[PDB]
Structures are given as C-alpha cells and as structure tokens.
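First comes one chain, alone, set out as structure tokens in the form deposited in one PDB entry.
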C-alpha cells in the first residue's frame, strides 16, 4: 500500500470549499471501509478544459507542496490519478477570511501578531527553498486552531532560478492586483520582496478581521474610483507612485502600522524582510 495513493473509487465528494478559473478545491471523505468513518480531505482538481496545460502547472504545484515540511504550511496527503487530484489535510475552520469575522471576541491583537509571525515563518521557509508565492492573501491562510495558521494554497507558486532575484511571467492575469507590489503590476517581475509587499496587505486584512467593507480591494477602489474598468491598474500604480498606502486599521497601534509600511517601500530592495518582521513582532509580543 502507498498511503499517498488515494483511489478514486473511495474518494467521496462532500462539497465545494472554493473555485478558481481553471479548477476547484472540494471537501471529500476518503472512505475505503464505506461506513463514513474515513478521514475528510481537501481535493484540488482542474475542470476538464485546462488548455495552456493547467495539468503541467498542477503537477508542478503537487511536486512543490509534497516537498514542503513546515508547521505553518498545509500538509500534502497525496494524489488521485485518472488527470490528477492534489489531496491535502482538511482544516474545517477555513481561511482567515471565513474565521476572523466569526471570532473577533476570541482573537485579540496578541493573537493577531502571533498569526502574523506564523505567516512570516511559512513565507521565510518558502523563500529559503527559492520559491515566490505570488498570491499571499488572507483567503490563502488557513486556521488550524485558535493558536495556529498555515499557508493553504500554492496555485501560483514559482521557483526563482538559481542566480536570479525574480521570476517573470504574464501567464493568466486573474492577478490579485490589490495585493501586488508595483514591480509586479508594472513589469510582471516577482521577487521575494514582492511576497513581503503581499504580506503587508495580508497583515492589514488580519488587523481588519477580513471585514469585506475594509478589504484591500474596497479601500483601494475608494482611493482611485470604483469606475475605470480597463484603467484600474494604471490608476492603482499612479496611486502607489504618489506614495499613497492603505490607511492604519482601526485600533492598530502605530508601531504595528510602521512594520506594515516597511512592507510597502516602492523599491523591492528598500522593503523589510520576513526575518525582520518576525523580530519586530516578537519584540512587540514580549
């Protein structure tokens, strides 16, 4: 028996956990014994279509996640082969986006900063292994417990070539533009420092308990105009070049806001590092 080999005949679909353009993530029970006692798992699969081989990308995502081992990175469980399905642990609390709005009374600033540290430890591990995530947002941060988060999705993750500072693409811009650094929006280049920018926006989300009326998309559209359509991104790049940033979350101490501002230095080289963030948060927690 290979315990990472999940037979289709035993993998029972329960419900959708999410959708994207090219695929979905479903709650399944792997129930070899057929009595509903099998373990619940999360299952990423492509909708039958995926031309610009989404299959090749999913296979590379599976290979990335199989070889990540960190307590703040969602666990690989295995595959289901037919087309292929990525099986992961199921975290029934879901993302910070579903959990924080329901648990503000539970999650105070101290716990928010611990979650901030744990995201940074995840992200520093992925950086150490020469990857750029390119999609760091609260919707991609899963709640293991009141005390623990894990980065839960690697759909856009890429290897930076050895002796390169960044990864270029212009694949499929369903891009999360309200999470992206200017060098990402302007020149489709992604540095580790780009994920640090993305982390500052995710920190803002965590500090606003992912309220939809304070979302980075809501607040940016207020700054530039909810109009604009095909002009949005320029207008956003314009806003950033003028030095405009997301405002301090209500009740966020200036010293936390100042760590978030260091994520948002226009030049990648001018940005804080994940290691420095962990230090600044740990300082604030003592």
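Numbering follows the first chain given and starts at 1. Throughout, rigid core stands for the largest set of C-alpha atoms superposing within 1.5 Å between the two forms.
There is also a form deposited in another entry; it is not shown, and the following applies to it.
For residue 22, a C-alpha deviation of 2 angstroms or more is recorded between the shown form and the other one after rigid-core alignment. Annotation: Cα of residue 241 displaced by less than 2 Å between the shown form and the other one, core superposition.
Relative to the superposed rigid core, the position of the CA of residue 228 differs between the shown form and the other one by 2 Å or more.
In summary, the C-alpha positions of residue 226 and residue 138 diverge in the other entry, ending up at least 3 angstroms farther from each other than in this conformation. In the other entry, the CA atoms of residue 22 and residue 211 sit closer together than in the displayed form, by at least 3 angstroms.
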